[PDB]
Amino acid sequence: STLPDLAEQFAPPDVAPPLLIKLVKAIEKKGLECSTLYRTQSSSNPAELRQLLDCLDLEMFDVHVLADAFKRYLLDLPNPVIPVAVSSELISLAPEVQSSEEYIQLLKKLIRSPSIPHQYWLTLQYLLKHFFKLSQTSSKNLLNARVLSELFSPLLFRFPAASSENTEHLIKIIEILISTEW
């Protein structure tokens, strides 16, 4: 649990944590068309994956190890990419305020709060771009935006919560944000 806060790992004008960029670039180089990328576990345990998140070129590793280390990274951030402040608010929204557009508007307003370092929103945007690029070779890797949201929303929000029509709505906006990256 020695991964520094996102706000300490980089600062503007950099667009993302340098370790995260290395992971994403290696994964895209070696696994863009992999039909089980992020949907199978590798043999490495969390301690070994954490050991990798310190030291070599990440392209030297097995792609399934890199993919697991990507998840491990999202899980080990001291605060999640989408801070609990933001998700606590989004979950509290009523059924009458049910437009995905409104949920997205609120997520951007809350995460861009000056009470939240810009690094959180920057990292989320970088991850969305990766997820969008993956979904554009769906014909080969079988990943659409919705499945990528179902796989990664629990790692982005890190929020235990019964399956509400609120939680469906958070998966839905991530789904929309992946698809609408350009």
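The first residue of the shown sequence is 1; numbering continues from there.
Which fits the stretch between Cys55 and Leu56: none, 1 to 3, 4 to 9, or 10 or more deposited residues lacking coordinates?
Per the record, 4 to 9 deposited residues are absent between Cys55 and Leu56.
State which stretch shows the higher mean Cα B factor in the entry: 85 to 93 or 67 to 75.
Higher of the two, by average CA B-factor, is 85 to 93.
Pick between 10 to 18 and 169 to 177: the one whose mean CA B-factor in the entry is higher.
Averaging CA B-factors over each stretch, the winner is 169 to 177.
At the C-alpha atoms, which of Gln119, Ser153, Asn45, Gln125 reaches the highest B-factor in this entry?
Of the candidates given, the C-alpha B-factor peaks at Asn45.
Residue with maximal Cα B-factor (values as given in the PDB entry) among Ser149, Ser35, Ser135, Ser115
Comparing C-alpha B-factors across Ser149, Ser35, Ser135, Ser115, the top value belongs to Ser115.
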